[PDB]
Amino acid sequence: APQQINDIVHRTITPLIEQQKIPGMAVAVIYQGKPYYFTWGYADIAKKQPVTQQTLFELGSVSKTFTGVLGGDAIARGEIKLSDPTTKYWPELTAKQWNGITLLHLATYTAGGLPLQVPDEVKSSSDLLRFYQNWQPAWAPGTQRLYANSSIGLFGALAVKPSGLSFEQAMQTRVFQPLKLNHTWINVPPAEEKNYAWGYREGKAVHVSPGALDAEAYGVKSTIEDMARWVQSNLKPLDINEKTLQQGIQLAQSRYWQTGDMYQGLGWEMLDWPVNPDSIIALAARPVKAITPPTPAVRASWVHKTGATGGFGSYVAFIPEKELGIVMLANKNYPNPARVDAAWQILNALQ
Ligand SMILES: O=C(O)c1ccc(NS(=O)(=O)c2ccsc2C(=O)O)c(O)c1
């Protein structure tokens, strides 16, 4: 890699890894549209396996960006509409609080207070229905944002219903395969297990546990090369052959709501570029202003998403206008501000 990229990356990441005590990390910088890879440490401390360009890391919430683009693709196909009532795709959702809650609200955490987590006891299809039927909103739809897996997770599950495919089948065939993400999985195949890094939480090796709507809200596992390719696709959607996929990417980067300096897309979150790095809590309810109608993907934006699981910590950020981006995958869930600080240090130096 160009010495400049080599230098800002190592000078920024090496101190981060030791300050946060990260067992292993992989980073990709997309510069002028080309990827440059870097890796450090261990994928498996006990087995002394290093982190490589083929190592799989749990993406946690960065998985929501795939869910948003898949939903976007379904909209482009004419299979669903964001303006459609949730009950249209789930008829047995007869409880009256749902009148008025659209797929848009579900996709953007604006349904009225759906919880961050789907309860651990919800572990069956009927359990899931019971849960949503009994949920009591705190607010009217389209008034406040409360980040939630029970919200975008449900959007993902309903978005693929017309297709008839399971969420994993639709993700593989409509998003992973067309984009050549051949080492990105919702469920890691035994063939790829030797590359699946262990997560580390308080010194213990851990992998994400199964849970309702896990696939849809935080279940993707991927490599630094496939994530670099995911960023390239999002940086230049118009370069994608598949028409509905190309449009689905643009729809996921459209600005539906605003809270402070941040704009909510489908999965992705955006801020106007240049951004104040300062501008880039277990539960934060924030009033949102509707963007009517939604602003189409803005090239001068810092588009990003943080993600975590018990044992992993991820971050992706890119700036379309500069053909610039970064992916940071670690097998330790460490503070988000540390992620964003290192990302900005690197991208600001290269812009
Ligand atoms: O077990 C855990 O501590 C744990 C933490 C996050 C997580 N991933 S998550 O549910 O998508 C999430 C909740 C709040 S933030 C995030 C995120 O990804 O940034 C998960 O599936 C398990």
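Draft legend 1. Looking closely at the sheet that holds strand β1 (residues 24-31). Reading across from one edge, β3-β2-β1-β16-β15-β14-β11-β10-β9-β13 is the order of the 10 strands in this open sheet, with antiparallel pairing throughout. Of all strands in the sheet, those with a lone pairing partner are β3 (49-50) and β13 (289-295), marking the two edges. In terms of strand pairing, strand β10 (residues 262-264) meets strand β11 (residues 269-272) through 2 bridges, oriented antiparallel. Residue pairing across strands places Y263 opposite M270, the latter belonging to β11.

Draft legend 2. Summary view of the site of the ligand. Taken together, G60, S61, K64, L116, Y147, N149, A217, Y218, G307, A308, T309 and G310 make up the full set of residues adjacent to the ligand. One of the side-chain N or O atoms of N149 is found 2.5 Å from an oxygen atom in the ligand. At 2.6 Å from a nitrogen atom of the ligand is found a main-chain nitrogen or oxygen belonging to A308. Ranked by residues supplied to the shell around the ligand, first place goes to strand β14 (residues 301-309) with 3 residues.

Draft legend 3. Seen up close, the packing of helix α2 (residues 63-76) against helix α8 (residues 224-235). The contact between α2 and α8 brings their axes to 12 Å, and the two run at 45°. One finds that α2 runs oblique with respect to α8. The interaxial crossing formed by α2 with α8 has left-handed handedness. Along the contact surface, α2 presents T65, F66 and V69, while α8 presents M227, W230 and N234.

Draft legend 4. Region of interest: unusual backbone geometry. Omega for the peptide link from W273 to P274 comes to 0°, which places this bond in the cis form. The backbone of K48 sits at a positive phi, close to 50°, despite the residue not being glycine. In this fold, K48 is placed in the loop between β2 (34-44) and β3. Given a relative accessible area of 66%, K48 falls into the exposed group. Unusually for a residue other than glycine, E202 sits at a positive phi of about 55°. With respect to the helices and strands, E202 occurs in the loop between β6 (199-201) and β7 (204-206). Residue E202 is classed as exposed on the basis of its relative accessible area, which comes to 78%.

Draft legend 5. Seen up close, the UniProt feature "binding site: a beta-lactam" in the chain. Under the UniProt annotation, "binding site: a beta-lactam" lies at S61, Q117, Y147, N149, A308 and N333. Checked against the element boundaries, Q117 lands in the loop between α3 (103-107) and α4 (125-134). For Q117, a relative accessible area of 55% translates into the label exposed. By the element assignment, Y147 lies in the loop between β5 (144-145) and α5 (149-159). In terms of polar contacts, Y147 uses its side chain to reach the side chain of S61, at 2.7 Å.

Draft legend 6. Fine view of the layout of surface pockets. Taken as a whole, the second largest pocket holds about 340 Å³ of empty space. Lining the second largest pocket are 15 residues, and of these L179, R229, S233, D239 and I240 lie nearest its centre. In terms of residues, the lining of the second largest pocket owes the most to one element, α8, which gives 4 residues.

Draft legend 7. Region of the structure containing the environment of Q232. Checked against the element boundaries, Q232 lands in helix α8. Residues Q232 and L179, spaced 53 residues apart in sequence, show a C-alpha to C-alpha distance of 9.9 Å.

Draft legend 8. Seen up close, the pattern of salt bridges. What the rule picks out here adds up to 10 salt bridges. Among the ionic pairs, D7 bridges to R11, the shortest N-O distance being 3.9 Å. Remark: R11 and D7 occur in helix α1 (residues 3-20); sequence separation between them is 4 residues, near one turn of the helix. Taking the shortest distance from any N to any O, the salt bridge between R130 and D127 comes out at 2.5 Å. Taken together, the positions of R130 and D127, both in helix α4 and 3 residues apart, correspond to about one turn of that helix. Residue classification places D127 among the buried residues on the basis of a relative accessible area of 18%. Each of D73, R77 and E242 takes part in salt bridges that share partners, so that together they form one network.

Cut-off values and rules
- Sequence order as written determines residue numbers, which begin from 1 on each chain and need not coincide with the entry numbering; residues that lack coordinates are not included.
- Excluded from the side-chain calculation are hydrogens and water; included are all heavy atoms of the structure.
- Residues with missing side-chain atoms are left out of burial classes, side-chain pairs and their counts.
- If DSSP finds at least two bridges between two strands, the strands pair.
- Secondary structure elements follow DSSP: runs of H or I no shorter than four residues count as helices, runs of E no shorter than two count as strands, and numbering proceeds from the N terminus.
- Each residue is tested against the molecule or strand, and it is near if at least one of its non-hydrogen atoms lies within 4 Å.
- Counted as a polar contact is a pair of N or O atoms within 3.5 Å, where, for protein atoms, one must be capable of donating a hydrogen and the other of accepting one, and residues adjacent in sequence contribute only when both atoms are in side chains.
- Fitting a line to C-alpha atoms yields each axis, with helices limited to the stretch in contact; the angle taken between N-to-C directions then spans 0 to 180 degrees.
- If an angle is under 35 degrees, it is roughly parallel; if it is over 145, roughly antiparallel; if it lies from 65 to 115, roughly perpendicular; otherwise it is oblique.
- By convention, the crossing between two helices is left-handed when the near helix turns anticlockwise from the far helix through less than a right angle, and right-handed when the turn is clockwise.
- In what follows, residue pairs with any heavy atoms lying within 4.5 Å of each other are defined as contacts.
- Exposed residues in this analysis have more than 50% of their type's maximum accessible area, buried residues have under 20%, and partly exposed residues fall in between, with area computed by a 1.4 Å probe over protein chains only.
- UniProt positions are given in the numbering used here, feature names are shortened, and annotations may be inferred rather than shown by experiment.
- We place a 1 Å grid over just the protein atoms. Points where a 1.4 Å probe fits but has no way out form a cavity, open points with protein on both sides within 12 Å along at least 5 of 7 lines form a pocket, and any residue with an atom within 4 Å of a point lines it.
- Grid points are joined across faces, edges and corners, and a volume is the space filled by probe spheres set on the points.
- Every case where a carboxyl oxygen of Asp or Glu lies within 4 Å of a side-chain nitrogen of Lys or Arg is listed as a salt bridge.

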